[PDB]
Amino acid sequence: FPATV
Amino acid sequence: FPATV
Amino acid sequence: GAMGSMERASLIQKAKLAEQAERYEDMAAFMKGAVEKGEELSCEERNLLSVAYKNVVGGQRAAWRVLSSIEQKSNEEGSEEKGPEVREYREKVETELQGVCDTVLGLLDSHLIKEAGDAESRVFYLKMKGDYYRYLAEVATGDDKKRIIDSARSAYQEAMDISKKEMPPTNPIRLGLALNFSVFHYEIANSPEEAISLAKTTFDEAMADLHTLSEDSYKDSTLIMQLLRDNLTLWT
Amino acid sequence: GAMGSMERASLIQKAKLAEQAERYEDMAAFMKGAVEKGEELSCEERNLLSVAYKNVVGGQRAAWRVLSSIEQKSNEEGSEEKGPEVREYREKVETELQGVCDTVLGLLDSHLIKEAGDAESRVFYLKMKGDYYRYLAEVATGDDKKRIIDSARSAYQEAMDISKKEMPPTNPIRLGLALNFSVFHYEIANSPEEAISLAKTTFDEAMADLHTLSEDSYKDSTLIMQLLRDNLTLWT
Ligand SMILES: *CC(=O)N1CCC2(CC1)CC(NC(=O)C1(Nc3ccc(Cl)cc3)CCOCC1)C2
Ligand SMILES: *CC(=O)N1CCC2(CC1)CC(NC(=O)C1(Nc3ccc(Cl)cc3)CCOCC1)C2
Ligand SMILES: [Mg+2]
Ligand SMILES: [Mg+2]
């Protein structure tokens, strides 16, 4: 999964 | 903490 | 609300304790109580609210993905019929996730966003609105799926427009919004080129503004820039 | 009970799914439902029940220890008065933990233990009874603390007596019981010498019986023997 904040 | 199962 | 009798300051204190104890459901409930006092949130308090719900929904999303994968495998050719249980339990987790998303969107709509006049607060809440519609979109399969996707897009776009006018390109809120909207494009909107363009342009404009920053601001901004780079590496 | 309408087999299936999803609260609720069907549990089903509640209570214990430490520091000299919040939140977590312990002890008493006639099942349930009284003892400060400690001791002792008569010294249930009763002695009963003696004697008698085992049984037994050694190393 891609990075999110 | 010591090991328990 | 079960937190209606507790002091605002005590709710915030307990949210911080819950964070230390990794009790994120409790943390979220405390922060929900604090929001419902009706006063605007400070920067620190926005962090607590967002951390709490991110952790709760993050766990639910991870569980949903495990169950969805098992369900998908059960529907392949040669897989033995195991009955309705996998679908039922995936639906149970899904419904709980949707409930949390609805709770957060409810707090934003009643009345965090409408009272948020400063760029930092308004962009932060609109980003959250985009995020929780994005999580709804991840699990949506019905008549409203396009509207849910568009609700996320609209919230992110409004946040982007404000951020570009009101915040420097290194502002961590502006960066985190861009990171997440980029992921929305890649994972939800089937727009990988837009995702890549956004991440690249965000990274490059931030790079060019780092010279203006203190050491501590530099650390904060570069941490998020690395996440943009990580995603670009994943996608190219 | 909210699981009263679900098939026993479906509850067990869903417990396994919950385990895969790391949804231990759900796992525990499913297994509680399964127990309440009133049929005896199989070996696999005992594993599921114990895994679920161990993970739930384990998380609660970790949280309680974080909060108790903060509370203890708040009561030292020179610490600023922060009001009742730390005590209140520690109490909240404590009450939830006690609730889970009471739930498990309830399942054991109604009616798992009384129907358990085979050594493996009876020793396993009595060990669980000792464990959940031990967790109650960890947080106890009142009139009943000695009785709670003695309830744990009594359950462990009955399990030990059966295990020594009915099971080989390498049996994983016999080993795990001994490991945990040893920890009870060290941490709860203020009897570190008894704890060390038990762990050592258990380890040595197991060592001498390994020659009788298959490769797979050897792996199972030696895993727990290593835990005994780990504790001995911690304590000596
Ligand atoms: C003043 C104000 O409202 N805020 C500024 C300070 C934060 C909250 C909002 C805390 C800080 N968080 C971060 O830098 C990290 N997470 C994050 C960044 C940006 C956004 Cl939009 C959301 C979350 C902390 C965790 O590692 C990633 C960066 C913004
Ligand atoms: C037949 C029966 O009732 N049982 C035997 C098989 C187990 C459940 C009870 C699973 C097995 N578990 C383990 O070996 C581990 N945990 C554990 C061992 C012993 C006891 Cl008493 C409790 C738990 C698995 C995790 O690593 C440690 C050993 C016993
Ligand atoms: Mg553009
Ligand atoms: Mg002895």
# chains A, B, ... in the order shown; residues from 1 in each chain; ligands from 1
call {"tool": "residues_near_ligand", "arguments": {"ligand": "ligand 1", "cutoff": "8 Å", "atoms": "only C-alpha atoms and all ligand atoms", "output": "PDB file with N, CA and C atoms, in the first residue's frame"}}
result
ATOM      1  N   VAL A   5      -0.752  10.082   5.179  1.00  0.00           N
ATOM      2  CA  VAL A   5      -0.618  10.577   6.539  1.00  0.00           C
ATOM      3  C   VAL A   5      -1.894  11.069   7.130  1.00  0.00           C
TER       4      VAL A   5
ATOM      5  N   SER C  42      -7.506  23.379  18.792  1.00  0.00           N
ATOM      6  CA  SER C  42      -6.164  23.862  18.557  1.00  0.00           C
ATOM      7  C   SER C  42      -5.422  22.923  17.611  1.00  0.00           C
ATOM      8  N   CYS C  43      -4.202  23.316  17.227  1.00  0.00           N
ATOM      9  CA  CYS C  43      -3.350  22.483  16.393  1.00  0.00           C
ATOM     10  C   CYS C  43      -3.074  21.108  17.022  1.00  0.00           C
ATOM     11  N   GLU C  44      -2.672  21.125  18.292  1.00  0.00           N
ATOM     12  CA  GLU C  44      -2.389  19.900  19.027  1.00  0.00           C
ATOM     13  C   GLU C  44      -3.633  19.036  19.065  1.00  0.00           C
ATOM     14  N   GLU C  45      -4.782  19.665  19.295  1.00  0.00           N
ATOM     15  CA  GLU C  45      -6.025  18.903  19.431  1.00  0.00           C
ATOM     16  C   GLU C  45      -6.449  18.280  18.102  1.00  0.00           C
ATOM     17  N   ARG C  46      -6.244  19.005  16.999  1.00  0.00           N
ATOM     18  CA  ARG C  46      -6.460  18.435  15.641  1.00  0.00           C
ATOM     19  C   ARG C  46      -5.561  17.215  15.425  1.00  0.00           C
ATOM     20  N   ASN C  47      -4.307  17.284  15.868  1.00  0.00           N
ATOM     21  CA  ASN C  47      -3.408  16.143  15.748  1.00  0.00           C
ATOM     22  C   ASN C  47      -3.985  14.947  16.510  1.00  0.00           C
ATOM     23  N   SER C  50      -7.059  13.403  14.682  1.00  0.00           N
ATOM     24  CA  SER C  50      -6.700  12.728  13.448  1.00  0.00           C
ATOM     25  C   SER C  50      -5.899  11.448  13.710  1.00  0.00           C
ATOM     26  N   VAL C  51      -4.983  11.485  14.677  1.00  0.00           N
ATOM     27  CA  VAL C  51      -4.216  10.290  15.052  1.00  0.00           C
ATOM     28  C   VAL C  51      -5.149   9.170  15.531  1.00  0.00           C
ATOM     29  N   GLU C 120      -4.673  26.734   8.018  1.00  0.00           N
ATOM     30  CA  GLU C 120      -4.207  25.470   8.597  1.00  0.00           C
ATOM     31  C   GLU C 120      -5.339  24.604   9.079  1.00  0.00           C
ATOM     32  N   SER C 121      -6.317  25.216   9.742  1.00  0.00           N
ATOM     33  CA  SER C 121      -7.405  24.420  10.274  1.00  0.00           C
ATOM     34  C   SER C 121      -8.323  23.956   9.144  1.00  0.00           C
ATOM     35  N   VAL C 123      -7.786  23.644   5.820  1.00  0.00           N
ATOM     36  CA  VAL C 123      -7.178  22.649   4.945  1.00  0.00           C
ATOM     37  C   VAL C 123      -7.097  21.298   5.650  1.00  0.00           C
ATOM     38  N   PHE C 124      -6.710  21.304   6.934  1.00  0.00           N
ATOM     39  CA  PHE C 124      -6.613  20.052   7.684  1.00  0.00           C
ATOM     40  C   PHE C 124      -7.952  19.300   7.721  1.00  0.00           C
ATOM     41  N   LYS C 127      -8.957  18.026   4.214  1.00  0.00           N
ATOM     42  CA  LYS C 127      -8.151  16.821   3.954  1.00  0.00           C
ATOM     43  C   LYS C 127      -8.753  15.609   4.655  1.00  0.00           C
ATOM     44  N   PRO C 172       3.826  21.309   6.238  1.00  0.00           N
ATOM     45  CA  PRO C 172       3.480  19.896   6.398  1.00  0.00           C
ATOM     46  C   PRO C 172       2.014  19.549   6.096  1.00  0.00           C
ATOM     47  N   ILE C 173       1.070  20.443   6.400  1.00  0.00           N
ATOM     48  CA  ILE C 173      -0.329  20.171   6.076  1.00  0.00           C
ATOM     49  C   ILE C 173      -0.525  20.152   4.553  1.00  0.00           C
ATOM     50  N   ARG C 174       0.056  21.132   3.865  1.00  0.00           N
ATOM     51  CA  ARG C 174      -0.002  21.186   2.387  1.00  0.00           C
ATOM     52  C   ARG C 174       0.643  19.920   1.800  1.00  0.00           C
ATOM     53  N   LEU C 175       1.786  19.517   2.343  1.00  0.00           N
ATOM     54  CA  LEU C 175       2.446  18.313   1.860  1.00  0.00           C
ATOM     55  C   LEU C 175       1.624  17.052   2.096  1.00  0.00           C
ATOM     56  N   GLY C 176       1.059  16.914   3.295  1.00  0.00           N
ATOM     57  CA  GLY C 176       0.321  15.704   3.634  1.00  0.00           C
ATOM     58  C   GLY C 176      -0.957  15.600   2.817  1.00  0.00           C
ATOM     59  N   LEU C 177      -1.608  16.743   2.578  1.00  0.00           N
ATOM     60  CA  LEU C 177      -2.778  16.788   1.707  1.00  0.00           C
ATOM     61  C   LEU C 177      -2.427  16.277   0.309  1.00  0.00           C
ATOM     62  N   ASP C 220      10.650  18.375   9.608  1.00  0.00           N
ATOM     63  CA  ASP C 220       9.221  18.090   9.469  1.00  0.00           C
ATOM     64  C   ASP C 220       8.839  17.956   7.993  1.00  0.00           C
ATOM     65  N   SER C 221       9.304  18.898   7.175  1.00  0.00           N
ATOM     66  CA  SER C 221       8.926  18.925   5.763  1.00  0.00           C
ATOM     67  C   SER C 221       9.563  17.771   4.976  1.00  0.00           C
ATOM     68  N   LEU C 223      10.515  14.889   6.033  1.00  0.00           N
ATOM     69  CA  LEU C 223       9.917  13.592   6.378  1.00  0.00           C
ATOM     70  C   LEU C 223       8.793  13.275   5.409  1.00  0.00           C
ATOM     71  N   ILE C 224       7.924  14.254   5.160  1.00  0.00           N
ATOM     72  CA  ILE C 224       6.785  14.021   4.274  1.00  0.00           C
ATOM     73  C   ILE C 224       7.212  13.981   2.814  1.00  0.00           C
TER      74      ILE C 224
END
call {"tool": "residues_around", "arguments": {"residues": "residue C:147", "least_positions_apart": "3", "cutoff": "12 Å", "atoms": "only C-alpha atoms", "output": "MDAnalysis selection string"}}
result
chainID C and resid 133:134 136:137 140:144 150:154 189
call {"tool": "write_last_selection", "arguments": {"atoms": "C-alpha atoms", "output": "PDB file, in the first residue's frame"}}
result
ATOM      1  CA  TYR C 133     -14.749   9.621   1.891  1.00  0.00           C
ATOM      2  CA  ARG C 134     -11.735   7.826   0.309  1.00  0.00           C
ATOM      3  CA  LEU C 136     -15.785   4.821   2.172  1.00  0.00           C
ATOM      4  CA  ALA C 137     -14.863   4.615  -1.538  1.00  0.00           C
ATOM      5  CA  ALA C 140     -18.198   0.970  -1.991  1.00  0.00           C
ATOM      6  CA  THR C 141     -19.924  -1.182  -4.647  1.00  0.00           C
ATOM      7  CA  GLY C 142     -23.396   0.414  -5.012  1.00  0.00           C
ATOM      8  CA  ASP C 143     -25.484   3.171  -6.707  1.00  0.00           C
ATOM      9  CA  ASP C 144     -23.599   5.854  -4.695  1.00  0.00           C
ATOM     10  CA  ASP C 150     -16.697  12.671  -6.057  1.00  0.00           C
ATOM     11  CA  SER C 151     -17.218  13.743  -2.414  1.00  0.00           C
ATOM     12  CA  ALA C 152     -13.638  12.780  -1.632  1.00  0.00           C
ATOM     13  CA  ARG C 153     -12.356  14.561  -4.777  1.00  0.00           C
ATOM     14  CA  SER C 154     -14.323  17.722  -3.968  1.00  0.00           C
ATOM     15  CA  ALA C 189      -9.875   7.582  -9.349  1.00  0.00           C
TER      16      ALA C 189
END
call {"tool": "interface_residues", "arguments": {"of": "chain D", "to": "chain B", "cutoff": "12 Å", "atoms": "only C-alpha atoms", "output": "ChimeraX atom specification"}}
result
/D:47,50-51,53-55,58,61-62,65,124,127-128,131,134-135,172-187,195,199,223-235
call {"tool": "atom_distance", "arguments": {"atom1": "atom CA of residue D:119", "atom2": "atom 10 (C, counted along the ligand's line) of ligand 2"}}
result
14.3 Å
call {"tool": "closest_atom_pairs", "arguments": {"of": "chain C", "to": "ligand 3", "cutoff": "8 Å", "atoms": "only C-alpha atoms and all ligand atoms", "output": "tab-separated table"}}
result
residue	atom	partner	partner_atom_place_in_ligand_line	distance
C:197	CA	ligand 3	1 (Mg)	7.5
C:198	CA	ligand 3	1 (Mg)	6.5
C:201	CA	ligand 3	1 (Mg)	7.9
call {"tool": "write_last_selection", "arguments": {"atoms": "C-alpha atoms", "output": "mmCIF file, in the first residue's frame"}}
result
data_model
loop_
_atom_site.group_PDB
_atom_site.id
_atom_site.type_symbol
_atom_site.label_atom_id
_atom_site.label_comp_id
_atom_site.auth_asym_id
_atom_site.auth_seq_id
_atom_site.Cartn_x
_atom_site.Cartn_y
_atom_site.Cartn_z
ATOM 1 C CA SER C 197 2.309 14.418 -11.588
ATOM 2 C CA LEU C 198 0.941 15.683 -8.292
ATOM 3 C CA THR C 201 5.303 18.686 -8.619
#
call {"tool": "interface_residues", "arguments": {"of": "chain D", "to": "chain C", "cutoff": "10 Å", "atoms": "only C-alpha atoms", "output": "PyMOL selection string"}}
result
chain D and resi 9-11+13-15+17-23+26+59-60+62-67+70+82-86+88-90+93
call {"tool": "atom_distance", "arguments": {"atom1": "atom CA of residue C:103", "atom2": "atom CA of residue C:157"}}
result
21.9 Å
call {"tool": "select_by_dssp", "arguments": {"residues": "stretch 73-146 of chain C", "states": "alpha helix (DSSP H)", "output": "PyMOL selection string"}}
result
chain C and resi 73-74+85-107+113-115+119-139+145-146
call {"tool": "write_last_selection", "arguments": {"atoms": "C-alpha atoms", "output": "PDB file, in the first residue's frame"}}
result
ATOM      1  CA  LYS C  73     -10.245 -16.555  -3.331  1.00  0.00           C
ATOM      2  CA  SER C  74     -13.454 -18.369  -2.253  1.00  0.00           C
ATOM      3  CA  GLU C  85     -19.649 -16.817   6.643  1.00  0.00           C
ATOM      4  CA  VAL C  86     -16.750 -15.103   4.900  1.00  0.00           C
ATOM      5  CA  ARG C  87     -19.103 -12.585   3.193  1.00  0.00           C
ATOM      6  CA  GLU C  88     -21.006 -12.055   6.465  1.00  0.00           C
ATOM      7  CA  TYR C  89     -17.868 -11.337   8.506  1.00  0.00           C
ATOM      8  CA  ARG C  90     -16.388  -9.074   5.779  1.00  0.00           C
ATOM      9  CA  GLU C  91     -19.744  -7.236   5.818  1.00  0.00           C
ATOM     10  CA  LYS C  92     -19.605  -6.926   9.619  1.00  0.00           C
ATOM     11  CA  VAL C  93     -16.148  -5.348   9.498  1.00  0.00           C
ATOM     12  CA  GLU C  94     -17.224  -3.195   6.541  1.00  0.00           C
ATOM     13  CA  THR C  95     -20.278  -1.875   8.396  1.00  0.00           C
ATOM     14  CA  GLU C  96     -18.156  -1.016  11.442  1.00  0.00           C
ATOM     15  CA  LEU C  97     -15.634   0.803   9.210  1.00  0.00           C
ATOM     16  CA  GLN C  98     -18.433   2.746   7.492  1.00  0.00           C
ATOM     17  CA  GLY C  99     -19.745   3.670  10.938  1.00  0.00           C
ATOM     18  CA  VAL C 100     -16.434   5.159  11.989  1.00  0.00           C
ATOM     19  CA  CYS C 101     -16.140   7.069   8.704  1.00  0.00           C
ATOM     20  CA  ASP C 102     -19.659   8.433   9.157  1.00  0.00           C
ATOM     21  CA  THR C 103     -18.788   9.478  12.720  1.00  0.00           C
ATOM     22  CA  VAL C 104     -15.708  11.438  11.583  1.00  0.00           C
ATOM     23  CA  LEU C 105     -17.535  13.008   8.636  1.00  0.00           C
ATOM     24  CA  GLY C 106     -20.272  13.947  11.076  1.00  0.00           C
ATOM     25  CA  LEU C 107     -17.846  15.774  13.351  1.00  0.00           C
ATOM     26  CA  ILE C 113     -15.352  22.813   8.913  1.00  0.00           C
ATOM     27  CA  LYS C 114     -17.836  25.695   9.003  1.00  0.00           C
ATOM     28  CA  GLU C 115     -16.045  27.339  11.971  1.00  0.00           C
ATOM     29  CA  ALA C 119      -5.846  28.077   6.353  1.00  0.00           C
ATOM     30  CA  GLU C 120      -4.207  25.470   8.597  1.00  0.00           C
ATOM     31  CA  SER C 121      -7.405  24.420  10.274  1.00  0.00           C
ATOM     32  CA  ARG C 122      -9.640  24.547   7.173  1.00  0.00           C
ATOM     33  CA  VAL C 123      -7.178  22.649   4.945  1.00  0.00           C
ATOM     34  CA  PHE C 124      -6.613  20.052   7.684  1.00  0.00           C
ATOM     35  CA  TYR C 125     -10.379  19.372   8.128  1.00  0.00           C
ATOM     36  CA  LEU C 126     -11.028  19.290   4.368  1.00  0.00           C
ATOM     37  CA  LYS C 127      -8.151  16.821   3.954  1.00  0.00           C
ATOM     38  CA  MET C 128      -9.738  14.664   6.678  1.00  0.00           C
ATOM     39  CA  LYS C 129     -13.063  14.873   4.838  1.00  0.00           C
ATOM     40  CA  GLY C 130     -11.344  13.634   1.669  1.00  0.00           C
ATOM     41  CA  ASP C 131      -9.600  10.855   3.573  1.00  0.00           C
ATOM     42  CA  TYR C 132     -12.801   9.467   5.206  1.00  0.00           C
ATOM     43  CA  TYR C 133     -14.749   9.621   1.891  1.00  0.00           C
ATOM     44  CA  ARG C 134     -11.735   7.826   0.309  1.00  0.00           C
ATOM     45  CA  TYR C 135     -12.075   5.027   2.953  1.00  0.00           C
ATOM     46  CA  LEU C 136     -15.785   4.821   2.172  1.00  0.00           C
ATOM     47  CA  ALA C 137     -14.863   4.615  -1.538  1.00  0.00           C
ATOM     48  CA  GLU C 138     -12.458   1.727  -0.892  1.00  0.00           C
ATOM     49  CA  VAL C 139     -15.399  -0.477   0.165  1.00  0.00           C
ATOM     50  CA  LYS C 145     -20.007   4.814  -5.412  1.00  0.00           C
ATOM     51  CA  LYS C 146     -19.399   7.579  -7.955  1.00  0.00           C
TER      52      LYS C 146
END
call {"tool": "closest_residue", "arguments": {"among": "D:118, D:158, D:204, D:36", "to": "ligand 2", "atoms": "only C-alpha atoms and all ligand atoms"}}
result
D:118
